[PDB]
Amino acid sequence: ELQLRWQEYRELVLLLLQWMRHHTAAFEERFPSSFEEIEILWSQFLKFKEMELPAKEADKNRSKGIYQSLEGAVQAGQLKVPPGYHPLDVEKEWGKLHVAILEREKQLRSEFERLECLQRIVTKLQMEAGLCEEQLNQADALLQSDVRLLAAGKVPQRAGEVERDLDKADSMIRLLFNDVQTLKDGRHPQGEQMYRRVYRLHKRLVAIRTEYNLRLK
């Protein structure tokens, strides 16, 4: 009877408190590097929030109801509640879990918009790199027409333009290195890859500038 409600309540509150503690910690811990990852995190999150959380809400409120039946005995002294076993301590710990659910929903959305932001930059960077590469091709080809003029004892006619092209490619390469640092910071998983393709653009630039300095300067 009394001993039975009491056992139901303690059993019920013991597990409840463990499941709350477990899940509040679980959250306090997990940053996706991909959309693939975030999809899984969000699915596990919605599963918990929609499938699991409502069962435990039912258990919580059930335990409350069981407690008011026992309340005559608690106040009378016959039953004593272990610290943190009162409906009011279940509630505190439930409030916390609830806050941790809201934070995590916030973080997941913010991570998703971060990934979307890092992808705009990847497109930008890749777009700018093909342009930069074209700009290197234009400078390198102006150079050879000048170098082939010289081999037939004729003067360079585009020296001013080649120098311009390299100044432009140099500006582009510095934009690219910055895009890369913005990815690195954003913890894009390939920040270091993208750095090397830009680094390769820089070496092309240093090789073409060098040759222009010896040959036309």
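The first residue of the shown sequence is 1; numbering continues from there.
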Can you say how many deposited residues have no coordinates in the span between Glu29 and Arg30, choosing none, 1 to 3, 4 to 9, or 10 or more? 1 to 3
Per the PDB record, is the mean Cα temperature factor higher over 19-27 or over 189-197? 189-197
Comparing C-alpha B-factors across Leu88, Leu115, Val81, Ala129 in this entry, the winner is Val81
Pull the Cα B-factor of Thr123 out of the PDB entry and bin it into the chain's lowest, middle or highest third. lowest
How does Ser34 rank on Cα B-factor within its chain, lowest, middle or highest third? lowest
Lowest, middle or highest third - CA B-factor, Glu50: highest
When the deposited Cα B-factors of this chain's modelled residues are ordered and cut into thirds, is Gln181 in the lowest, the middle or the highest one? lowest
Split into thirds by Cα B-factor across the chain's modelled residues, where does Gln75 land: lowest, middle or highest? highest
